[PDB]
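Residue numbers (the entry's author numbering): 43 to 181.
Beta carbons: idealized from backbone N, C-alpha and C, even for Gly.
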Ligand SMILES: [Cu+]
């Protein structure tokens, strides 16, 4: 069967902030921007490894997140409504009140991955907008 997952976006966190999938699992994932502010703000959902932060040669208490070096969805074919196929640099960016539902098969990329939002120059990420995805080997 296809397993349905939802990740809700709020300022500035995901619910849930942990998720576990198995290699080979059929996933239908809905990302929903439930931004609660006046006005509601855009949010990103990107899954990857190896945090990249701003350079400037001076030390920081919090690094200003800018992206992931390794994108979990690299190579991964996805279906969303009428469209099927891999999506280059796949990321989900949504305005407040918008959602996006897509399906795929979990690739053989076992271990720990992270999800995050890099909008507003890393400020959301700094405010806690990140989560952990564990990928288990096939049952
Ligand atoms: Cu965000």
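(1) So, residue 177 versus residue 63, is the Cβ gap smaller than 8 Å?
(2) Using a Cβ-Cβ cutoff of less than 7 Å, which residues in the same chain neighbour residue 150 once the five nearest sequence positions on both sides are dropped?
(3) Just the C-alpha distance for residue 57 and residue 50, rounded to the nearest angstrom, thanks.
(4) How about residue 92 and residue 111: are their beta carbons less than 8 Å apart?
(5) How would you label residue 43, buried or exposed, when you count the other beta carbons within 10 angstroms and need 16 or more for buried?
(6) For residue 86, does the three-state DSSP call read helix, strand or coil?
(7) Select from 104, 53 and 73 the residue whose C-alpha is nearest the C-alpha of residue 81.
(8) Verify the contact flag: residue 161, CB atom, against every heavy atom of ligand 1, threshold strictly below 7 Å.
(9) Thinking just about the alpha-carbon of each residue, which of 73, 95 and 72 is nearest to the one in residue 164?
On the basis of the coordinates in this document:
(1) Closer than 8 Å, so yes.
(2) Correct list, in chain order: 65.
(3) Approximately 5 Å, taken between the alpha carbons.
(4) Taking a C-beta distance under 8 Å as the contact criterion, residue 92 and residue 111 qualify as a contact pair.
(5) So residue 43 ends up on the exposed side.
(6) Residue 86 falls in the strand class under three-state DSSP.
(7) Residue 81 has its Cα closest to that of 53, out of 104, 53 and 73.
(8) Checking every heavy atom of ligand 1 against the Cβ of residue 161, one is found closer than 7 Å.
(9) In terms of Cα proximity to residue 164, the closest of 73, 95 and 72 is 95.
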